[PDB]
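A quick write-up on the structure given underneath.
Both counts, for ligands and for their atoms, begin at 1 and track the order of listing. All residue numbers refer to positions in the sequence shown, counting from 1. Quick note: numbers below take in every heavy atom, side chains included, and nothing from hydrogens, waters or symmetry partners.
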Amino acid sequence: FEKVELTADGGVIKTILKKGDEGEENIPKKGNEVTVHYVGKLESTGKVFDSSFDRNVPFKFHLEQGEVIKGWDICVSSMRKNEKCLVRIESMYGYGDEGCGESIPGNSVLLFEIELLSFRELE
Ligand SMILES: C=CC[C@@H]1/C=C(\C)C[C@H](C)C[C@H](OC)[C@H]2O[C@@](O)(C(=O)C(=O)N3CCCC[C@H]3C(=O)O[C@H](/C(C)=C/[C@@H]3CC[C@@H](O)[C@H](OC)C3)[C@H](C)[C@@H](O)CC1=O)[C@H](C)C[C@@H]2OC
């Protein structure tokens, strides 16, 4: 077991559910295209609001390019290939006071289960 606080203020806490592959080559780097599966829920209601499994299409994004909420860049950059984790993301590292669409209210704490399937360096 291993629970990790990724930010001094505790706005991002990652609980490892399954350790990944050993090796620095198994750690995604900034700018890399990352591929994951995820399940997201609101801590307030505990109900799942979205998941890549609804469509069965892994989610791909580029690490630390401002493409995803800050909490995600922080959490994924600390994961190893094939790692499964649960991450608690407070509004500050989520959608803040603005919220997102009508699915995520402002000042919402978010809970995500993320599985790092793979990643690749570009150029
Ligand atoms: C506009 C084009 C649609 C385009 C949608 C897709 C490619 C499909 C892709 C599976 C997203 C899902 O589509 C069903 C769906 O995923 C959510 O349900 C969700 O679980 C979530 O929170 N995610 C998705 C997984 C990564 C973390 C976070 C996110 O970062 O999402 C990202 C996000 C909004 C980042 C902003 C970027 C600007 C920052 O300023 C802001 O921060 C202030 C954060 C998404 C991926 C955007 O980069 C791209 C898009 O939005 C959102 C609740 C609503 C979102 O649909 C909209």
Side-chain angles (χ1 to χ4, degrees):
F1 164 97
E2 186 174 298
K3 190 180 185 183
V4 182
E5 185 173 63
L6 297 167
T7 62
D9 60 356
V12 187
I13 300 175
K14 185 192 68 174
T15 297
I16 303 182
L17 307 179
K18 183 207 168 183
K19 297 284 188 299
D21 297 45
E22 302 181 301
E24 174 170 49
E25 187 174 58
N26 288 310
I27 301 179
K29 290 294 125 62
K30 179 182 177 177
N32 298 170
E33 182 202 66
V34 177
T35 302
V36 310
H37 259 308
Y38 72 86
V39 178
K41 59 187 176 189
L42 283 177
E43 189 181 68
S44 70
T45 70
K47 191 185 177 186
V48 169
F49 61 77
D50 183 41
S51 172
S52 58
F53 288 123
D54 304 6
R55 322 170 278 275
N56 189 24
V57 177
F59 171 63
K60 298 183 177 184
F61 74 102
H62 301 76
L63 188 62
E64 302 166 308
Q65 290 276 41
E67 213 169 297
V68 298
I69 45 175
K70 202 172 183 176
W72 257 64
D73 273 320
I74 291 179
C75 178
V76 177
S77 54
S78 76
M79 298 173 79
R80 279 186 288 162
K81 187 181 177 180
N82 289 311
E83 175 184 314
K84 287 190 175 67
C85 75
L86 165 76
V87 66
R88 183 172 180 284
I89 301 179
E90 301 186 315
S91 59
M92 167 167 248
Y93 302 84
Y95 294 101
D97 289 348
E98 298 66 44
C100 187
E102 305 178 64
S103 178
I104 301 180
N107 297 299
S108 292
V109 174
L110 308 173
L111 292 164
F112 281 103
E113 283 171 295
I114 305 177
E115 167 179 53
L116 180 46
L117 301 169
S118 65
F119 60 101
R120 67 185 189 67
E121 186 178 61
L122 315 180
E123 52 178 48

Original post:
Given the rule in the side chain to side chain contact (heavy atoms under 4.5 Å, CB included) test, do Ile27 and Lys29 qualify, once you have shown the distances and angles that lead to the verdict?
Top reply: CA-CA 7 Å; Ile27 301 179; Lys29 290 294 125 62; 3.8 Å; yes

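- If you number the atoms of ligand 1 from 1 as listed, the ones under 4.0 Å from a heavy atom of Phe112 come out as 20 (O), 21 (C), 22 (O).
- The nearest heavy-atom contact from the protein to atom 23 (N) of ligand 1 is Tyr95 OH, 3.7 Å.
- Short contacts between ligand 1 and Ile104, defined as distances under 4.0 Å to a heavy atom of the residue, involve ligand atoms 53 (C).
- Checking atom 56 (O) of ligand 1 against the protein gives no heavy-atom contact under 4.0 Å.
- An N or O contact shorter than 3.5 Å is missing between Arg55 and ligand 1 by distance.
- Taking the six-membered ring where the residue is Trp, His37 and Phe53 present parallel rings, their angle staying beneath 30° rather than reaching 60°.
- The nearest protein heavy atom to atom 10 (C) of ligand 1 is closer than 4.0 Å.
- Checked options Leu122, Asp73, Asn32; the residue passing with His62 is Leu122 (criterion: side chain to side chain contact (heavy atoms under 4.5 Å, CB included)).
- When all heavy atoms of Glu25 and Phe119 are compared, the closest pair comes out as O-CZ, 3.4 Å.
- For the pairing with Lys14, the side-chain hydrogen bond (donor to acceptor under 3.5 Å, both in side chains) check across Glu2, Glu5, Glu83 returns one residue only, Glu83.
- Side-chain atoms of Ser118 do not come within 3.5 Å of backbone N or O of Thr35 as any donor-acceptor pair.
- Assignment of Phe61 to the shell around ligand 1 is not supported, since no heavy atom sits closer than 4.0 Å.
- Considering only non-hydrogen atoms, atom 16 (O) of ligand 1 lies nearest to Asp50 out of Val48, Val68, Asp50.
- Protein heavy atoms are absent from the space less than 4.0 angstrom from atom 3 (C) of ligand 1.
- Looking only at protein heavy atoms, the nearest one to atom 54 (C) of ligand 1 is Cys100 SG, 4.4 Å.
- Within the 4.0 angstrom cut-off, atom 46 (C) of ligand 1 has one or more protein heavy-atom neighbours.
- Transitive grouping of hydrophobic side chains (ILVMFWY, heavy atoms separated by less than 4.5 Å) brings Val4 and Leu116 into a common cluster.
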**OP:** Begin from the C-alpha positions of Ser103 and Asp50 and carry the test side chain to side chain contact (heavy atoms under 4.5 Å, CB included) through to its verdict.
**Re:** CA-CA 9 Å; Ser103 178; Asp50 183 41; over 6 Å; no

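- For atom 34 (C) of ligand 1, the protein comes within 4.0 Å by at least one heavy atom.
- Counting non-hydrogen atoms of other residues, nucleotides and ligands closer than 6.0 Å to NZ of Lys30 gives a total of 12 or fewer.
- Shortest contact from atom 7 (C) of ligand 1 to any protein heavy atom: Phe59 CE1, 4.9 Å.
- In this structure, atom 50 (C) of ligand 1 has no protein heavy-atom contact shorter than 4.0 Å.
- Looking at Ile69 next to ligand 1, an N or O pair under 3.5 Å apart turns up.
- Under the 4.5 Å side-chain contact rule for hydrophobic residues, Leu111 and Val12 do not share a cluster.
- Protein heavy atoms are found less than 4.0 angstrom from atom 21 (C) of ligand 1.
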Subject >> Stepwise side chain to side chain contact (heavy atoms under 4.5 Å, CB included) test for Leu110 and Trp72 >> reply: CA-CA 10 Å; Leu110 308 173; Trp72 257 64; over 6 Å; no

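- Considering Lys19, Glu113, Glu115 as possible partners of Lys84, the one that fulfils the side chain to side chain contact (heavy atoms under 4.5 Å, CB included) test is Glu115.
- Considering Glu67, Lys60, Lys41, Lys70 only, the shortest heavy-atom separation from atom 48 (O) of ligand 1 involves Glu67.
- The presence of a protein heavy atom under 4.0 Å from atom 26 (C) of ligand 1 is confirmed.
- Scanning the protein heavy atoms around atom 39 (C) of ligand 1, the nearest turns out to be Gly66 O, 4.5 Å.
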